[PDB]
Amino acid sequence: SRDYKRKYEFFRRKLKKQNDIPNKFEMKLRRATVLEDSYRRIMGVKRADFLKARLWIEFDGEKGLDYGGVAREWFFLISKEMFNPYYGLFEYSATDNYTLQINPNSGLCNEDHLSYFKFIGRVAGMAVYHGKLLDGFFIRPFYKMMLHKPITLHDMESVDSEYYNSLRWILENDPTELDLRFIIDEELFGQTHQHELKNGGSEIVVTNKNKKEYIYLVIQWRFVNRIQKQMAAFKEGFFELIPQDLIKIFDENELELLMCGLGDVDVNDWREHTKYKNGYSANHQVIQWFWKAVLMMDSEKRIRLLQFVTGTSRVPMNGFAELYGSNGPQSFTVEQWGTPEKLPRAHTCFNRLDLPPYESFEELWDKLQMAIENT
């Protein structure tokens, strides 16, 4: 079979170029109104295929800028807007998570929400098509729905561990005596909302004969049932740019990396293939604090730290042992530089972090985090 890199090459090979299209897609936008201007342009095109031409984007009448750079900025800005839970289309999957899911009540907020989701799908599609990234991390069932993969009990673990553990107990033990019914109780606005999982659900006892169905219905309720039209609209837009059959060569981890550049960073592998300069070593107090910091950063923050030091967010295949710098093989590097007063600096050409010898973990935490959020 093919690993991720070979799959991606294969994928691009099949993604043929449109010839029956204008040679560029022109889009003039104002920053104060990027979302509305982008929506009007991208949903107004005569043919979705027009969006496959070279992006020719202009902000606030600013002429004389590299159209390649402007596009990348646009994908960033439009992501921030589209995925902002304030608009009510997406929401965080849990109070303690940073991953996004489709808001079941998206329609209450926005009568025209299906066209907004189709638009979001078109833009996601445009990112994949033009080799750019969306800035946003979705829950794993989002990616699976895109790929028409079944949502499973396991998917519930990454999103809600308490719930996952309860359904798993149900799967492994006879639940009959608990006298559970085919209903779901959701806590909202200081009240309990009960929903029947099937007709007459309240009077149907969960047992070993029907618990596989119970679990299926609970999972569909949590991730699918209430957001079918929304996701259908997103997929419609997405598939106007990327043939659905082509996207199927990827699994859900590969797809997420493809679209959003996010994934789980093996800090162990990162750690073992780091080099040290000018006094630093694996056992050095400051270094011990560095790895302590990295270990307690979110996957998002780990990625962005990697981005800061290397210049890119991509984690090399076969791990950090094969990381490249600017002039050949160059391991991730931490060098002692500067006094504790200044922030850490990055030499991207050498994948090198210049790290002052801070005198406290919390100071290191503060200084390192400050440096990253500028990138």
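The numbering used is simple: start at 1 and walk along the sequence shown. Rigid core here is just the name for the largest C-alpha set that superposes within 1.5 Å across the two forms.
- Stretch 190-198 is the one, of 190-198 and 85-93, whose CA positions lie farther from the shown form in 4 other deposited structures of this protein once all structures are superposed by the rigid core.
- Root mean square Cα distance to the shown form, taken over structures and residues in 4 other deposited structures of this protein after a core fit, is higher for 333-341 when 311-319 and 333-341 are compared.
- Higher average CA B factor: 159-167, of the stretches 143-151 and 159-167.
- Between the stretches 2-10 and 364-372, it is 364-372 that shows the larger average CA temperature factor.
- In this structure the maximum Cα B-factor among 118, 211, 304, 229 is found at 304.
- Across the options 263, 85, 131, 107, the residue with the most elevated CA B-factor in the record is 263.
- In the deposited entry, the Cα temperature factor of residue 347 places it in the highest third of its chain's modelled residues.
- In this PDB entry, the Cα temperature factor of residue 136 sits in the top third of its chain's modelled residues, the highest group.
- Among the modelled residues of its chain, residue 38 has a C-alpha B-factor that falls in the lowest third according to the deposited record.
- In the PDB entry, a CA B factor belonging to the middle third of its chain's modelled residues is recorded for residue 250.
- Sort the chain's modelled residues by C-alpha temperature factor and residue 185 lands in the middle third, per the entry.
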